[PDB]
Amino acid sequence: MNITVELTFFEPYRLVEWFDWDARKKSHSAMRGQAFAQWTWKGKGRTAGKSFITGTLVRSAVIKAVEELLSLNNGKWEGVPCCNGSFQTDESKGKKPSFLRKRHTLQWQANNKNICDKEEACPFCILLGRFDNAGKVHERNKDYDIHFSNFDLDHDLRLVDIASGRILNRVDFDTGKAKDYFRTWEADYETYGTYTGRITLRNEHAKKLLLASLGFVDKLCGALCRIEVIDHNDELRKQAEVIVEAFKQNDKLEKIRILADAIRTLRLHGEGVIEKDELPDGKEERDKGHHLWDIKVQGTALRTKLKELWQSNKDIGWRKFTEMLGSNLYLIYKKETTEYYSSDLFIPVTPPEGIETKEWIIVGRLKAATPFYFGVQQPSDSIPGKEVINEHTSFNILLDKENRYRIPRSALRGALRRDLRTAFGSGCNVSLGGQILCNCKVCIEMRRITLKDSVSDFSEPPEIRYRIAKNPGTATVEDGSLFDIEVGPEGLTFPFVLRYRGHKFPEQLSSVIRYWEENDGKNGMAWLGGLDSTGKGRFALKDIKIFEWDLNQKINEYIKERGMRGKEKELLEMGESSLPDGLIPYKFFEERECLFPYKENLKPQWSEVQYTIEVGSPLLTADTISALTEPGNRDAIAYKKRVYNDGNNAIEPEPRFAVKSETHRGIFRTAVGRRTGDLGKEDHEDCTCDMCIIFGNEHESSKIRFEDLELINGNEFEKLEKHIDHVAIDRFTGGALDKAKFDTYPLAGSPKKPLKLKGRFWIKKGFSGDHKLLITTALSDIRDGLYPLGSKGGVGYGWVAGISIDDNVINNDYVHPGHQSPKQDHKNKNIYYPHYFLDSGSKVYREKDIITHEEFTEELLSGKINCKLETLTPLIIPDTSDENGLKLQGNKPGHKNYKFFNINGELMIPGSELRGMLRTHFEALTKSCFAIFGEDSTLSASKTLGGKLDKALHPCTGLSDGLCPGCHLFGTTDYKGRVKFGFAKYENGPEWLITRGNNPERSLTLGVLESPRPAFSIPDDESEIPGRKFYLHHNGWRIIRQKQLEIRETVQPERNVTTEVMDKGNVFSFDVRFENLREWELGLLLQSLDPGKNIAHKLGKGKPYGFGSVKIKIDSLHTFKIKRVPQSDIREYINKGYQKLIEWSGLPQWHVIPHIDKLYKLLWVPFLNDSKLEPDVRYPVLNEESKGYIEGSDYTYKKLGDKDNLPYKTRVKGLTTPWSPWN
RNA sequence: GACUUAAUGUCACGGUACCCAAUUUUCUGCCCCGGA
RNA sequence: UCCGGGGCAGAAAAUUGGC
Ligand SMILES: [Mg+2]
Ligand SMILES: [Zn+2]
Ligand SMILES: [Zn+2]
Ligand SMILES: [Zn+2]
Ligand SMILES: [Zn+2]
């Protein structure tokens, strides 16, 4: 009679706003959602209401379930036969029903004795309500032979509490892009999944068929179901506004976005990073502390303010607090700066006689083989019922209300339909609102396939994948192109459920299941979700146990267990003997190699190209946001990803370092782009270029999918990350800039101990032979070192030594005369200043025709220079990773002692010093701008140092005014440098300068190194900037070596340093990779490397002390278009670089140019080859009472600084004339 | 009860939020004259 | 009339556009 039944959902069911049938046609969302749960509004304001399922929808699910139940038993149920029913109402007889059937109606052979009427009817006709007083117009409730009441939600209620408006999608198969999209309210089944309704039934004759069909209704409102018969955001925004205003007080509004990113990544670290003060604390003796976390907000530091914020907001979660405060810091930073929905016929379908219809349930685990991404709209746009940009995360991952990662049913079905279309070899694009069912072979099996929404048992916050678009022309970031993606970890496991209701299990669906399988030999190939081309969402199907119900003989056991709907998790973990009755294992599951549609359609669909990248350089794919939130306290640390482990059911405690798949993708896309010229196209709208076919565009998906490059070598490194300090040296003052000092934390890669980066990509079936050749050429381009991975590639980072592909796929003969003063004074009595200034002039040529990076120009020169660096003096390149490298700070506290620079033991010179000293030589040689200049530094006074410097010598800001030749070759902030200086590895020579008195014999305690003082170079306000400071080549290191005892006892230990020093005669080899260089530019760069026989370079510490005279000798110039450039063409390159400087001024003899003659005598080596000259070069002491003063000489700053003895004009021309006598 | 259904007919599990985009560009861990 | 002294320790740019 009154059968009160209960409807519980086991996945997120779809909800829609209720409209009456006259008003339902006005809204396309409700017309599309006629088969959903309905939502009316209660009260006013459209904020509260109540969800329900219409009884017509429950009747439609039941009547569909009766038809399938009667088709299994040939129109019978428990003995009593049933007729075919009726599913046709005439329009002339009466009004049509509110829902018209479009599907095929399951029919049988009518074994009923008499016809069905009002006097006596079959149980099919009773449950249809064919012959009762109730009809198309409802008047009263007891006219119904069977009544279905509305199913109210068994829980006023707000719509945001129950449902979340999610934009779903329709992806085109051929292009891989969404044709259109539509929005549904996927309501939460864990709190609001239970629905209670009433089913009245006057006739007892259809009682057994009704309750069994209640147990046979598998899905309703988009969700699997069993039917059983019974404000801190405001205060966070205010405090974020306080923090933004406080940052605006120190003129640091640009750091608020950095802080908003850094707060949003603190949800991964837990509350202990703020509670236990695990944020980095700045330098060891820095009064300013950290540059971000110690910014004074209302008089106290930002770390203490975040402590107070977390104590004030401890009632919410740490994840929610870091998400909203990171969002609110982002939102206030913004104030201070194809939607598509949707002739009736009756289709009688009778199954063949004696056929066997089975229910194949596939329970498995969707393991994320790659980091994954499932797309969702922004939470501001995800609000249901509410159908300046405000996106802190550009792409959020789809989560629950419990923040667990979600594979939707829709995205699993869409990837299954795509893979079944591939497996069948044909298919349809899914037409919407069609009156006729699609007869395509995919849609037939899609109608038989039922899946489940899977959620991981994991609710940790998503990792953030920052992506940029590189500007093709400048090889810097594109203006505007920076965005972030919430991704899930690899190894994450999702409960996979597939249900097939059909006669035979199709050979194409079992092909897709075996395609998705990880198994042993193959890879798991379930591409689910979005950004697949950047390897987001390649899932593996593991722990597969396909079971099968028998629905023709054991259909009561299917109804009794309700198809194990919602109990599929228990189905995956029980044994074989613990299975319910009627559920047998499917032992006839076809194997991988015995499948006809798998072998020719799915297996060759994406071809794996796995390979290992040999990185013989320190690899830095920078994660600056993670650098701010980690206690290592570096400005740039290498990228690492959190990887979930299914064995430990948690993230692995050591994050795997990786070059990002997006970086892996964009290097290949650049490499094809500059080889084809497709990177230089202005727009790629409706483009069928070679790079747009391969890598996709705004319209087509990519035919290549790139995975992350796993560091598979990290266990073999004792110290896997190297600390490399970096600094920018002012061109006028030989020391550091006023703000430009920093450090990187790359993976410690070296030529003898390289980093192995195992990464793979996938190649689409149908790839052209030219397109296959372009990828291998791009693969060979990375193997040939043309594209360094990560940041600082021009400084020597991420240089690729080679690529291993897996099996399953010269002298410069110029002699400068030098200076006459050391040649005339052969007794070494004459005393010279350690540095002199190069006053080249105020004429800087700026090329507005900026050389593009978008292609390898055929007339321009690209290649590699192998250079041997020979130390002419003892050379100091300190390993400033350890301030106690020589292990002597116990005896001398505060005495900073460094080893020589080394990565994984072997002695290295970083290419930053090789680039920076060559840049300082190239900018001096080419009359360039002062690219690193202390403009903000004052004098002791009318103007700053930037006022004293000429406007042409000022550093190049932007590309609009042109670039100076040093800034054109070596780059600006708006332009990647076209030269790349590798790290110099050690080969041969006497390794260490051995001193008997020092506690390490290889070491040397030096004199003190104080900051360069512009007041000596600029004595008054009437004097300009003297020019580029260059240090002389002298053997004043021999003085320091012989007073090692005296230096250590009359100089305070924390004032000077002790360093491991090479001896004279050591050979280093660095590669200078160059791209798109001129005929004259390479020759000037070759001249900048090897300027002459007696000309060298000053490198590393102790340049005023005579250390670091390095002789760079070119071994081999190799250029590609790969060939070896002969000596005749190398000299011919250098000749056209000479008349380029001649045309700027208005056997190359470089001494006839006045600024190159002064520069080359500044870099002239008087003690080179067979020469008895040993010029004495040292700075004056202050007074006669200062230590290190030779008695009887006037070499003091009291007399040289006195205007009466040495006038101010004479001191500048004594400083701007190299090798001038100072004593 | 109503909110909130229509009953001889709901393929909406009929629709992958998908497609593009290299956290990168520049920068020598360097260094001498004063301070009240 | 006095006999020393460390500095910088990141700066700038993009923080989303198109379909
Ligand atoms: Mg009726
Ligand atoms: Zn009947
Ligand atoms: Zn179809
Ligand atoms: Zn294109
Ligand atoms: Zn410049």
Side-chain angles (χ1 to χ4, degrees), chain A residues 171-176 352 355-367 369 409 411-430 437-451 496-529 532 537-548 585-609 701 703-705 762-767 808:
Chain A
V171 172
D172 188 44
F173 179 80
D174 301 342
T175 70
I355 212 171
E356 284 285 300
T357 289
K358 317 253 179 82
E359 230 276 327
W360 283 277
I361 170 56
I362 308 176
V363 267
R365 312 249 56 210
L366 268 166
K367 196 211 76 91
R409 185 257 302 151
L412 187 60
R413 177 156 182 103
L416 178 63
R417 169 186 289 277
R418 169 248 291 146
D419 275 343
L420 254 199
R421 177 151 172 192
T422 309
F424 268 106
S426 81
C428 89
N429 316 286
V430 206
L437 254 53
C438 180
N439 219 25
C440 93
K441 264 173 307 175
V442 195
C443 269
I444 281 151
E445 312 301 320
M446 275 300 108
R447 245 165 268 126
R448 305 209 218 271
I449 275 164
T450 291
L451 299 131
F496 172 75
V497 178
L498 200 140
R499 259 181 196 85
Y500 185 82
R501 166 96 48 85
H503 311 299
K504 100 166 217 63
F505 201 68
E507 212 214 356
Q508 277 81 9
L509 171 63
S510 66
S511 304
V512 174
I513 292 307
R514 285 290 200 218
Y515 186 41
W516 284 10
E517 268 224 281
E518 191 101 273
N519 259 334
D520 192 18
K522 73 175 293 287
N523 264 129
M525 288 283 276
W527 285 105
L528 329 172
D532 285 322
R538 194 197 110 233
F539 278 80
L541 218 40
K542 32 155 265 184
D543 313 339
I544 279 188
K545 313 201 274 152
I546 305 195
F547 304 102
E548 157 197 302
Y586 187 41
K587 321 271 226 293
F588 282 79
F589 186 34
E590 313 98 304
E591 283 287 334
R592 157 157 30 113
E593 275 324 289
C594 329
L595 272 167
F596 178 77
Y598 168 78
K599 280 187 304 256
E600 63 220 10
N601 285 320
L602 290 173
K603 187 214 208 93
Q605 161 92 330
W606 292 101
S607 100
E608 188 188 21
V609 188
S701 188
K703 302 305 160 267
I704 186 157
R705 318 251 176 112
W762 306 88
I763 295 268
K764 181 85 189 243
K765 169 185 222 190
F767 223 56
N808 39 25

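Reckoned from all heavy atoms, side chains included, excluding hydrogens, waters and symmetry mates. Reminder, nothing fancy here: chain letters follow the sequence lines and each chain counts from 1.
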CD1 on A:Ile513 to CG on A:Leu416, rounded to 0.5 Å: 6.5 Å
Taking every non-hydrogen atom, the tightest pair across A:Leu366 and A:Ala526: CD2-CB, 4.1 Å
Interatomic spacing from CD in A:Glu591 to CG in A:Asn519 - rounded to 0.5 Å: 7.5 Å
Distance-minimising heavy-atom pair for A:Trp606 and A:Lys703: CZ3-O, 3.3 Å
Heavy-atom closest contact (A:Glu518 atom, A:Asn523 atom, distance): OE1-ND2, 3.4 Å
Between CG on residue A:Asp419 and CD on residue A:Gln605, distance to nearest 0.5 Å: 7.5 Å
Close side-chain approach of A:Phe589 and A:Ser510, heavy atoms under 4.5 Å: yes
Pair A:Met446-A:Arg413, side chain to side chain contact (heavy atoms under 4.5 Å, CB included): steps then yes or no: CA-CA 8 Å; A:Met446 275 300 108; A:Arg413 177 156 182 103; 3.5 Å; yes
Side chain to side chain contact (heavy atoms under 4.5 Å, CB included) evaluation trace for A:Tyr598 with A:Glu590: CA-CA 11 Å; A:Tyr598 168 78; A:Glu590 313 98 304; over 6 Å; no
Distance, nearest 0.5 Å, that separates CD of A:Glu359 from OG1 of A:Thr450: 7.0 Å
Any side-chain heavy-atom pair of A:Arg448 and A:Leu509 under 4.5 Å: no
Parallel, tilted or perpendicular, as decided by the 30° and 60° cut-offs, for the rings of A:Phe505 and A:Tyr500: perpendicular
A:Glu517 side, atom CD; A:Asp543 side, atom CG - distance, nearest 0.5 Å: 9.5 Å
Heavy-atom pair with the smallest gap, counting every atom of A:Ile449 and A:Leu498: CG1-CD2, 4.4 Å
A:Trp527 and A:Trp762 aromatic ring geometry - parallel, tilted or perpendicular at 30°/60° bounds: perpendicular
A:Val497 side chain reached by A:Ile362 side chain, heavy atoms, under 4.5 Å: no
A:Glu507 and A:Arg514 ion-paired at < 4.0 Å: no
Shortest non-hydrogen contact from A:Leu595 toward A:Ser511: CD2-OG, 3.6 Å
Side chain to side chain contact (heavy atoms under 4.5 Å, CB included) assessment of A:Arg418 paired with A:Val171: CA-CA 9 Å; A:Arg418 169 248 291 146; A:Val171 172; over 6 Å; no
A:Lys599 side chain to A:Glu593 backbone, donor-acceptor under 3.5 Å: yes
Distance in Å, A:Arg538 CZ paired with A:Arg705 CZ, rounded so as to fall on 0.5 Å steps: 11.5 Å
Sub-4.5 Å side-chain heavy-atom contact between A:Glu608 and A:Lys522: no
Close side-chain approach of A:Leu602 to A:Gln508, heavy-atom, < 4.5 Å: no
Evaluation steps, side chain to side chain contact (heavy atoms under 4.5 Å, CB included), between A:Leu451 and A:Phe496: CA-CA 8 Å; A:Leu451 299 131; A:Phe496 172 75; 4.1 Å; yes
Closest non-hydrogen atom pair, A:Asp174 against A:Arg421: OD1-NH2, 3.5 Å
Whether A:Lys765 side chain and A:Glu600 backbone form a donor-acceptor pair below 3.5 Å: yes
